[PDB]
Every structure is written in structure tokens, then in C-alpha cells.
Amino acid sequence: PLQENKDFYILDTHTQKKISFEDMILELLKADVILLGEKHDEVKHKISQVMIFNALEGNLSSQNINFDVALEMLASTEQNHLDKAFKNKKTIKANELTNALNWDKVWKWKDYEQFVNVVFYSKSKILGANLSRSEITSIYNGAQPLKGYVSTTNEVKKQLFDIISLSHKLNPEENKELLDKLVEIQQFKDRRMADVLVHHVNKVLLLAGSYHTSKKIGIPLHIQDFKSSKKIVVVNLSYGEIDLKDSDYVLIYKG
């Protein structure tokens, strides 16, 4: 476990005040949906996810409050299969886990095993949050435009355009048609993950990449468009630059 005040600290992004890990937990427990943003290959993020999950799980189970975990890394189409794994929990062994969940190898198991193991064997159910491969391929090949009010603005789409252009080093002029397709795919992924979170009957934590959890361009906008009255809280695990507007709490690593 990372050492608080030696290895990391936490800011409330609204006030920019440093807040204890315990005090952040007490606040997160108030939320109905907790978004946890990560960099997918970042080891310190993976440790942080276990610490936060463990503290929330312990408190909620001791109160008999249901608490589930949605994963950008599993599709929502997989839920029937995942419910079976939840049912057969005691029958799936640590090395059978990836097969039970039908883990997709686009997501390197190494980068997920620690968190997903702790999640899977607690009282939490794992939810698939995302689009399927087939769904993503279908959007790319051209489907009807996503409707929205705050989540689909030109401003959001352009921010997503430039982020993806930079992520893939794709010249905005040469690669215009491709980038607009990738933007629409991000928008659709965000909508689906929001759909899963908005309709869920138990308190829920999402693990997803930082661009997805961002309050500026991501899932939070789509939750708003769904007209949810759920209390939403966003915790981002920092890497590189920190935009306070992206989240409600940020973990900052030493550094």
C-alpha cells in the first residue's frame, strides 16, 4: 500500500485543500456513483484502486449496504455471463477468474489482476460498463448520431478530437474522417457506461480511463443528460498535468 503523505496525497479539487484518505472515504460513501479515473498501465494507480475499494467495501458491507463495481474493461452485453460468475464465486479459483469473466485480452491482465481479484471475491458484483467490440465496429462503420444536450456539444467533441489526435499522433487535417469516427466512438462508450451507472439499483464504483471519468468531456456529462438525481463523485488518479475541473478529488503522487 502507498504511504499517505510520503507516497501520495489527496486534494479536494473544489477548494484545493489537502484532505486525508479517511476524510475522502467518508465523503465518497455519500455518493451513489463513484467514478475512479486511471492511467491504464500505471502501477501506483493500481495500488490506489485497491486501497480505495477496500476502505469503501469494508464500511458498506459492515452496514449491509450493497456495493458493486462497473468496469470499462468489460462490455455491458457480458452481464448474463458475469452474473453467473457472481453466482459461482466460491467455485472460481484465482487462476480460473479470467476465464469466468471472459476477460478481453486487449486489457492486459497483469494491469488488472490485483484490483479485479479483490473486487471479485468481496461482496461486490462486477458489472460490464462498456460497448461490445461488435457495437464499436458498428459505430465506426456509421450509425445515427448520439443525441444529448450537455454531453454532445461541439465544444466537448472538439476537446475529444484534439485529445485523440494527440494520443495517436494523427494529423488533424490528413486524418479528419478517422478522428471524427474515434470521437463518436468515445462519445458512445461514455453514453453506455453512463447508462449502466444511471440505471443501477445499488451504490456503484466505476473504474475507467481518466478521459472517460472527466467531468469536462466524459461520463459525468452523459449522466446529467440522463436526468439522474444520483449523487455523483469523481476521483482521478493523477498523471502529468492536473486539471481541477476533471474531478472532485485528485490523488497526487510523489513527486
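We number the residues from 1 along the sequence you see.
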**Request:** Using the B-factors recorded in the PDB entry, average over the C-alpha atoms of 58-66 and of 29-37, then report which stretch comes out higher.
**Result:** 58-66
**Request:** Look over 116-124 and 138-146 in the entry and identify the one with the greater average Cα temperature factor.
**Result:** 138-146
**Asked** Comparing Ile163 with the other modelled residues of its chain, is its CA B-factor in the lowest, middle or highest third?
**Response** highest
**Request:** Report the third (lowest, middle or highest) to which the CA temperature factor of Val250 belongs, ranking only the modelled residues of the same chain.
**Result:** lowest
**Request:** Consider only the C-alpha atoms of the modelled residues in this chain, order them by B-factor as the entry records it, and name the third containing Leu71: lowest, middle or highest.
**Result:** lowest
